[PDB]
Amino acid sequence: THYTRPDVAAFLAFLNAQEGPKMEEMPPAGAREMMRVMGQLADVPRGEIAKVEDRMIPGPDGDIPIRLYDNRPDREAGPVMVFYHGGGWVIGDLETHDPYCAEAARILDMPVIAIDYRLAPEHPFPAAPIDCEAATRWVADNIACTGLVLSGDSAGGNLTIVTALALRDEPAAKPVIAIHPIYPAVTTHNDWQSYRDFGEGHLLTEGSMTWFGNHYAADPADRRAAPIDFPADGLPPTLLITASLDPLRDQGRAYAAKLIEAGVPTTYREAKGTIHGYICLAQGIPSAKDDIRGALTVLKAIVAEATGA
């Protein structure tokens, strides 16, 4: 047995009783619908926030949709967060991670700009990192700010790290002051004890992970697919969080360890007794509100230290 919060166990039991296909039996449009419906049933609402704006920006393969959240729009220019949603590079959009983005904006008291990057299989690897890099350079070029804070969950956690590395090697007009990968993927392989322990019955399954991987068609030798295989020296101050019952946990730990070994200031949090994907499950798993708030409090402090230096 592995430690599991009671409210997590209750949500897992609920999920297991539901009838309906597995995501991996569906075509991409139906998988996409399933994540939207999941958020409607099991995530909190957006809640009160002062400004939400949608717009298009130019990208290398056409327009990239973004969404700006700000709970204090008459702020002086400060750091800005660029957020990259998860969904295994196949699913997710500006609606699935809307509640979390609005919360992030409220708690951090900075603008949050979510990227609707191109998805596989219509646009396989490396469309996602190309879009994320371009949208981030665009924010630096165009949005009133002093620095960037990159963040994202799962696939988006990969995109956080990968975009951080690209901007380390070729600076944007503004520096990345901190990153916050949330239960990130950092490699393509499954040789992890956490994958063997948690790859069934904990929402993110072996089957799902195979289906995502097949659709994305990542090149395992490319830094944008496997950042754990390339030097991490000189990256920004990192807050990396894992979920203790996630198949991705061990690689998260491994990445955080690598950062430290490279001299990168690193805060590691592990959400004990909960699962992959909690940041979009805060109504179905009430304890997720605490994991969200706790992380973002810590990030706010990381950013205040950066800003007061």
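In case it trips you up, residue 1 is the first one in the sequence shown, and so on.
I need to verify one thing: averaged over C-alpha atoms only, is the B-factor higher for 261-269 or for 25-33?
Between 25-33 and 261-269, it is 25-33 that shows the higher mean C-alpha B-factor.
Going by the B-factors listed in the PDB entry, is the mean over the C-alpha atoms higher for 134-142 or for 176-184?
Looking at the record's C-alpha B-factors, the answer is 134-142.
Please work out which residue in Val44, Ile49, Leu245, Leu240 has the highest C-alpha B-factor recorded for this crystal structure.
It is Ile49.
In the PDB entry, which of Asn190, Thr96, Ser154, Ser151 has its C-alpha at the highest B-factor?
Comparing C-alpha B-factors across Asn190, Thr96, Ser154, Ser151, the maximum falls on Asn190.
What third of the chain does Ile57 rank in for C-alpha temperature factor, lowest, middle or highest?
Highest third.
With respect to C-alpha B-factor, does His215 fall in the lowest, middle or highest third of the chain as deposited?
As the PDB entry reports it, the C-alpha B-factor of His215 lands in the middle third of its chain.
Would you mind ranking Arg168 by its C-alpha B-factor against the rest of the chain and naming the third, lowest, middle or highest?
CA B-factor rank for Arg168: middle third.
Taking the values exactly as deposited, rank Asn158 by C-alpha B-factor within its chain and report the matching third: lowest, middle or highest.
Middle third of the chain for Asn158's C-alpha B-factor.
Ranking the modelled residues of this chain by C-alpha B-factor as given in the entry, is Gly147 in the lowest, middle or highest third?
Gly147: CA B-factor falls in the lowest third of its chain.
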